[PDB]
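Colleague: An experimental structure, sequence included, is below.
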Amino acid sequence: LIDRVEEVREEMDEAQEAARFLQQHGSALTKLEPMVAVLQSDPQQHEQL
Amino acid sequence: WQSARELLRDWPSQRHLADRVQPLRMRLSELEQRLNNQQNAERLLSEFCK
Amino acid sequence: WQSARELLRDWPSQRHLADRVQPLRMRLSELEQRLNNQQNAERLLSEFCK
């Protein structure tokens, strides 16, 4: 009565959704990852800084 | 900034677990075939019991 | 710096995959019993067919 097929199916749902998100926003995340730090500095906040 | 940090935190996990879909796919195919066999065995057991 | 970035890229994968240990342990046990039954059946077949 393992009934793990439901658990494995949930894992598939999560993992296929992850793959779909990778396809959807893979390029955007790759372009964001090398210059993420900029988000911490907002132009006017640079003067207030 | 915080949203981007969280997104870059999750994204490697997403990439890490995406490849497991296909290994998971055969896993559930085998598991469900096993469950079909288990259901058949249970049905046949009950069938003879009487 | 590059090594640090690589290490913190590993850390997401490291924890996520390390979480997989125990489910794989039962899978290994099941597969071991499968192999044992395989050898048992093969042996019995050989002795009969002799």
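Modeller: Structure's in. What do you need? Residues are numbered from 1 along each chain as shown, chains lettered A, B, ... in the order given.
Colleague: When you work out contacts or count neighbours from here on, use the C-alpha atoms and nothing else.
Modeller: Noted.
Colleague: Distance-wise, check residue A:17 relative to chain B.
Modeller: The gap separating residue A:17 from chain B is 8 Å, by Cα to the nearest Cα, to the nearest Å.
Colleague: typo on my end, it should be residue A:38
Modeller: Plainly put, residue A:38 is 8 Å away from chain B if you go by Cα to the nearest Cα.
Colleague: got the contact list for that residue?
Modeller: Residue A:38 sits next to residue B:1 when contact means Cα atoms under 8 Å, 6 or more residues apart in numbering or on different chains.
Colleague: Let me see the backbone angles for it.
Modeller: The phi/psi pair for residue A:38 (degrees, to the nearest 10) reads phi -60, psi -30.
Colleague: Up against chain A, what does chain B have?
Modeller: Contact residues, chain B versus chain A (Cα under 8 Å from any Cα of the partner chain): B:1, B:4-5, B:8, B:11, B:14-15, B:17-21, B:24-25, B:27-28, B:31-32, B:35.
Colleague: Fine by me, thanks again.
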